[PDB]
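Given next are two forms of a protein chain, the same chain in both, each as structure tokens and marked structure 1 or structure 2.
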Structure 1
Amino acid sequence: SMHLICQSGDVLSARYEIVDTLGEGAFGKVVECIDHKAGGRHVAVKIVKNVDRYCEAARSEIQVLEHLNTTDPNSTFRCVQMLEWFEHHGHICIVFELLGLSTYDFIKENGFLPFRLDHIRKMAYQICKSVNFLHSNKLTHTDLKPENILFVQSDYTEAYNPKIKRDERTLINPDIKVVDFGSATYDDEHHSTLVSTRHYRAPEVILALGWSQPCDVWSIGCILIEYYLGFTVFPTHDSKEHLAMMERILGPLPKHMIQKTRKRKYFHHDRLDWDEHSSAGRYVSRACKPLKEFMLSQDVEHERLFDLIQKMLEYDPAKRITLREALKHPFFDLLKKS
């Protein structure tokens, strides 16, 4: 269905010639096009699957982009600019400015090797600045993950290394933009039950205690530790295991969240229902240690990052640091020297 309409050489809306695939999600596909009606400018086109759910998410995304782009026409807060949208054989296609690689693709293709601290600081700052602007405008992203943070530019170099039989990519400039408003929710709109991709889901989302701007802050915390290590500290699929991993890495869950939740399946009285002395239990234990033991250095700038990471992963969303305050954290002082 989608396969039949996203081929190299295909022409969309009598101007956009597909030259390459940039990526794939559950929503569908992102393709690189030459725009023959804008002097041959390369753009990005999100082709949405002709399914009810993804169609309605795409109409929702278009509405959010019109708002964010109108409010911030210079993209000072780094949300991707939408150029226009059309229908091609029943599929909604959204045209955007072409950006470079996802942070996900860059880490994955370098063999899950982390970003440098200097790069992470700049990227964290821009991610917080961009998501804080959604926060100012009565939005929650809900689906922040490395796949949805793209480098503005192809500002990197690439060489084949025959020792390890892949390309290695070296970042020059780490500037990013935030993409995918398919899930973004206004404060007064109906809130989805489940939101976020398992690895980046806040404990208030897992426990169905209600969610808000603070669930984004949790996701950014998870992104930052993945950028620093090259992998997530929550490598799991299952909800309970995910909660076991939070206990190991971050310390016990607040009793009030455990007792308030209707998600009682996960618990037994006051505590996670988790045989730690079992095979799957000892496995989680091996994979997990207190957060600050992931630090690769005791240098103070590593202490700075992990203090912010720890405040972003506060269990209680009423307590969790805001992006307004995260922007002011000591980790960022290095960017504001003068």
Structure 2
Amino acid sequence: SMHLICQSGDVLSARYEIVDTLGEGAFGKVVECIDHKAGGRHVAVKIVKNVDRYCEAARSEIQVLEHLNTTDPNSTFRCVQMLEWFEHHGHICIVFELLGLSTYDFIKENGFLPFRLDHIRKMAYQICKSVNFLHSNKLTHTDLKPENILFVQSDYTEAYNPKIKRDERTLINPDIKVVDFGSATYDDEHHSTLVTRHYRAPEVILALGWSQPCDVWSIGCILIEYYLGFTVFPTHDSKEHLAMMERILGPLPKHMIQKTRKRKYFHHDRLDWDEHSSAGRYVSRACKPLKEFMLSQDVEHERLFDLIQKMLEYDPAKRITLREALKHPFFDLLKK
């Protein structure tokens, strides 16, 4: 249905000329276009698949990005700037400013190697300052993942690292922005029950309701994947997910197990997971206590993992906020 209207050379709205593809998905694809009514400025256009789930999501996003671009005309809090929208061959299309590689794609194209700690520090601050901007405006992103954190420009320098014995890319400028607002939800809007699995919060898996706290859990999973270079919860089964958590973070709070509508996962108020099963032995040996993931014992590594630990607090009512986190000493090195 879609592969026929997003080819190199097509011209949309008699304006934008498609160059190449930036990313595919179930919602549709994002393509880099030459704007011919603006001297040749390259842009990005998202072509939403003609599905009611994704057509409505695009409509929910255009609204949010109108509020967030009015309130912040300069992108001080680093949300992506939407420029225009229009129909094309029956498909909704949204025009954004052209950014660089997503933080996920950079790690992938770099052989799944981690970021430097000072780069992690700057990136974590901009993410927090950005998502905390949404939390101040009664909003929740719900879909925070490395594929939605994009580099303003992903240009790097390459060299041979005789420690790891490999070519290693190194970012020149690591400023980021946050994209995809089709799942965002105001505090009063209807909160749907299911909101990606690897970055889903424990209160969501257990179906207890959610708000801004769930976004902080997602940022904790993003930060630990910047530090390690791979997903810490790499699974699709919900019971395996919770099992991995209990090995990395410890047993779930009892008052949360008692309130879940998902009685299937548990038995007698404890996770019905056999340690000595088939998969139970992969979880026991792939996962480990969170503190044991630290690559060094220098104080700056200690401080990051203290931030990540407070971000991965089970109880959302006890979990850190983003206002508190912006003051945490891991960000001391950036201030005067």
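Residue numbering: structure 1 sequence, from 1. Here, rigid core means the biggest group of C-alpha atoms that superpose within 1.5 Å across both forms.
Of the residues checked (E84, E87, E168, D175), the rigid-core alignment between the two structures shows a Cα shift of at least 2 Å for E168 alone. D238 is not among the residues whose C-alpha shifts by 2 Å or more between the two structures once the rigid core is aligned; its shift stays under 2 Å. Core-superposed comparison between the two structures: the Cα of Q259 travels less than 2 Å. With the core held fixed between the two structures, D188 has its Cα displaced by under 2 Å.
Superposing the rigid core and comparing between the two structures gives a CA shift of 0.5 Å at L101. Superposed on the core, the two forms differ at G25, whose C-alpha moves 2.2 Å between the two structures.
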